[PDB]
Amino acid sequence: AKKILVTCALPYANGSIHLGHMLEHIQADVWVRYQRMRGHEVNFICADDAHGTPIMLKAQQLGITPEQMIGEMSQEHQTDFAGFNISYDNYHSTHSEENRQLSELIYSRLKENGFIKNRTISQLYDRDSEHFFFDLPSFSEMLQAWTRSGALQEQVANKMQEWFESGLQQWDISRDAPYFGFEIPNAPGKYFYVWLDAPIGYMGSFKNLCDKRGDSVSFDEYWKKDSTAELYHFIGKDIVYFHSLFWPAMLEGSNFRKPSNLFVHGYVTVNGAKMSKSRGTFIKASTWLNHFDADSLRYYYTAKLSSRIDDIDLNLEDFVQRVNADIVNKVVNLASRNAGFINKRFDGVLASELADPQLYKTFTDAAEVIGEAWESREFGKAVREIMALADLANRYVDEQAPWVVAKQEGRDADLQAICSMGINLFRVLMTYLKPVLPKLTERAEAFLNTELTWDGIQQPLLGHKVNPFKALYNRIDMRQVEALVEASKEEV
């Protein structure tokens, strides 16, 4: 039972959440849900990145104060994430008292530890000015040892080299008023650059969670230098520099633990290209939900995700085909083709023994490889394994052919045994997919009259009453895709 703290990058409070953002949150949520299923203590945290000149000026435009804009954006963002069932334990803000205090705490520890430097510069002004710099170069060797301690992704362990080929430099962490952010203590008119306080927002968000829980020990247990808890950050490749260099260094110099690992993913493309507004492929999370459910996109992204930083393509044509073929035709089909005979002919009661014990064992035997696949973030591998098992289950059902055994008077016991077998195979499959399809899983659990646990598959449902269900998952069609695209064009 490990203690794990997982985060997703903090979305900027200056735009709506789109399908690109959703790849990140969905990848993280699936991993998080899997970890909870295995019994670990998990804390999934996020928050809006609310500081920076851009935001300050955007607020001025709309005639709304930044405080007002970020407040509205925060609600919009959380409504969308909740719509995709992203299970955060806390969603906070970089513009909070918790983050203000932690930013000052870290800065003061850095300055006192001698990692903060001063200087002057020239810049366009609507001119000189003093600035504060973080002495990154002093943590190089430490970063080296940390970087090579068999942890980060190969493509990431490398990449940084191209950055070393340019040498680490002191980082300008201060900005002048007017600026929407935190004021630097003992330095009037100076503010912390957004990127300095942003990652501290991870800490601010957890502190908020602990404070709300009345938990006065967890914060330190997770962030103290000798913590045995694991810290993971899910991020895109465009912000790896901040998370692999500045961030670890800031923590090291302020007597805090560094991330256990960074899980970097690639960009989402639609129909093979970057999202395009004119083509209606720049899709908002809110818009997606007007047309499709969350499970469909969660499934599609998961079937294509891996432990690498490669781009993920949402091919709209392929989307409809994949969802109907896998979810409806393979998994859900296993339940619907068998539940009828059970509910109608046997009052919903499943057989008292497994018809084919060998087949069931083949299914539960796969838990190890599938669980390891979720754990290692090889989602595509996990899905292929699960769908391969599903093919086996549908083959079993065909060989046994219940639709024929049913019309043969005197074969009741045989029918119940066959159809119950299929229902139990379905139980196992939905357990492996539980991290991926939250809503379909709830519908399956209501039908099975059972909550699905990872260890529970070792005990099949016997002499057990199932409930009649009304379509667990309906097929989708290209006309809905066309409508989604058309709507997205019309929005911009």
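Note that residue numbering begins at 1 and tracks the sequence as displayed.
In the deposited entry, the stretch joining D126 to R127 is interrupted by 10 or more residues of the deposited sequence lacking coordinates. Once the C-alpha B-factors are averaged per stretch, 474-482 and 6-14 rank with 474-482 first.
Averaged over CA atoms, B-factors in the entry run higher in 103-111 than in the other of 103-111 and 238-246.
The maximum CA B-factor among the listed residues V466, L433, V30, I55, taken from the PDB record, is found at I55.
Of the candidates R384, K224, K277, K344, the deposited coordinates give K344 the top C-alpha B factor.
When the CA B factors of the chain's modelled residues are split into thirds, the value for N449 lands in the middle one. In this PDB entry, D391 carries a Cα temperature factor that places it within the middle third of its chain's modelled residues. When the modelled residues of the chain are ordered by their C-alpha B factor, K407 lands in the highest third.
Sorting the modelled residues of the chain by their CA temperature factor places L429 in the lowest third. Split the chain's modelled residues into thirds by C-alpha temperature factor. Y193 is in the middle one.
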